[PDB]
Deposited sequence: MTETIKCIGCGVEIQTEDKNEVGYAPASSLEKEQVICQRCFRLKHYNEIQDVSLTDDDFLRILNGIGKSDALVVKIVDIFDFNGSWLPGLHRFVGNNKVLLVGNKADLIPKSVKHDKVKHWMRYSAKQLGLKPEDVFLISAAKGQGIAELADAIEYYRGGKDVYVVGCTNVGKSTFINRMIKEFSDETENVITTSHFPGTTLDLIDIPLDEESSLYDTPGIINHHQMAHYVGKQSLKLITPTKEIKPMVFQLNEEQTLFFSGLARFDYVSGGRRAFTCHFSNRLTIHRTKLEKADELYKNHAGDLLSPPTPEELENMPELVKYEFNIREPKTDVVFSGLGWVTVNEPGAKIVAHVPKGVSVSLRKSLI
């Protein structure tokens, strides 16, 4: 896309600070691939939004470490990493302080995938900087987006939200998306499963515990998401007949316009390990030796990380 390339090069040519917002519950789904090569000369702040949804047991220091590590794997080395709740306000004041410090008197560009919370964050920034300057907000066209004065000589620029065609939220509608997203702090639900058992996180993803005897699994998902538990040999049959009805989301219409569910295998060899379904939630495995087969639509990310508790 010619449009997005032009702005990336423009931002790269400037000495501006880049603020990249990601959804902490959809880290890989909301990642902007390639951004790192265009803003290599620029200082970047990586901002993880929706911190209010993080369970109390999860440590923010470990979340930031995981964000920093994950960004590094994908070629981005941010100056620093921040956790915020644009909705509730947590971390906003500190981030505003950091933006002022790191920008070094230059402009700032805010970038993000759709639904990460960029509009909500931009609203927080307008408030944070409102009492600071005599210049007023202006709108400007992409070759109306907001330009927020930081002082009389520099501004913070909102940029058009990017559509990631492969993230989970791209395959669901408004009514459907409401069920998958947590409205409040995620409450960790403790499961005790035997070998050859299956968990369906609605009709969008599957978790197969294929080998390792009897174990405990802590699931972290939206309270509006329905988790269906079956025997492994019954899982295939249930999905072929009840997806779109019982195993919904997705709806029958969304099922037809969605990539086919693809499998991935994992073998955990260390204690406290999360199976992370981007855009959905995560399953914690306290003990090593578990053999797991995760199912996710073609394109959507599922990965492993060390627990953040």
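Residues 1-55, 199-202 of the deposited sequence, counted from 1, carry no C-alpha coordinates in the model.
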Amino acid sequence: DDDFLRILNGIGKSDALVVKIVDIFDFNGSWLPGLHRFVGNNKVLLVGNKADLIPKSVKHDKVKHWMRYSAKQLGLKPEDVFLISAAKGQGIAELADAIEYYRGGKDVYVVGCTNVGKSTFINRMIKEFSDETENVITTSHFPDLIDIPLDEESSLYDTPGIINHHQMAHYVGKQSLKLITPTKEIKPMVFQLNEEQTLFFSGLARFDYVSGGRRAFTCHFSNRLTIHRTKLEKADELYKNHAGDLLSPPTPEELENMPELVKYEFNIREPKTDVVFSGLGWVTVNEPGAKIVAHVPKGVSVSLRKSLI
From here on, numbers count along this sequence of modelled residues.
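The PDB entry assigns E233 a C-alpha temperature factor belonging to the middle third of its chain's modelled residues.
In the deposited entry, the Cα temperature factor of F200 sits in the middle third of values across the chain's modelled residues.
In the PDB entry, a CA B factor belonging to the highest third of its chain's modelled residues is recorded for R269. Per the deposited record, the Cα B-factor of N42 falls in the middle third when ranked against the other modelled residues of its chain. Split the chain's modelled residues into thirds by C-alpha temperature factor. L225 is in the middle one.
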